[PDB]
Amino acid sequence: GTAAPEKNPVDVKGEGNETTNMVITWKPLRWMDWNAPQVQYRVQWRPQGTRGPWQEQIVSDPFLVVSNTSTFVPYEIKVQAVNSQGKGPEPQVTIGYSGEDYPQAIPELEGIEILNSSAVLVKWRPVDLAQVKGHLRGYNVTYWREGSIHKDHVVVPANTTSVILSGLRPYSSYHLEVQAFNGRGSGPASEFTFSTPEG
């Protein structure tokens, strides 16, 4: 009656919570697919694209911690179900990542356009993703009035590289910071100044 497992697990994912690890997880197979009273998981992984053979470990838990990784690098991951009668299908491959670090990227100014005495348009260049040290989640635009300390800020998505700042006091000097952020946190701030005209 017993046979090899019917299917391999779904929802394979690799994500670090430290720069030196990657946690591989998956949905345990439903018992009807074990074809056996126990099932284990053959986990294979390697840094993406290396001729070196796959690292491999068999576990019964639906997760595996890969340690001693470089910071935010891609890994190829295969998870095959196995039991005493044999192995599931040849598995599909998922890309996972070791853990994120703070970005090193610092946004560069494209321009600050003065719109009115109460509004400006801030434009920056898209950061280089290789310096994000993680998945780019957005930008944070911090600004405050010096005069002419309450600090305001505007969070935009990762796809967005300008923002209008409204409700500014007229004839005032403002400081402005722009930071990229990933899942770990924000990078260093590029630091700018602008003045609103009279009103």
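So that there is no doubt, residue numbering starts at 1 and follows the sequence shown.
Counting the unmodelled positions of the deposited sequence between residue 148 and residue 149 gives a gap of 4 to 9 residues. Annotation for 45 to 53 versus 28 to 36: the higher mean temperature factor (C-alpha) is found in 45 to 53. In the deposited entry, the Cα temperature factor of residue 117 sits in the top third of values across the chain's modelled residues. Ranked by Cα temperature factor within the chain, residue 62 sits in the middle third according to the deposited record. In this PDB entry, the Cα temperature factor of residue 165 sits in the top third of its chain's modelled residues, the highest group. The deposited CA B-factor of residue 129 belongs to the highest third of values across its chain.
Split the chain's modelled residues into thirds by C-alpha temperature factor. Residue 8 is in the lowest one.
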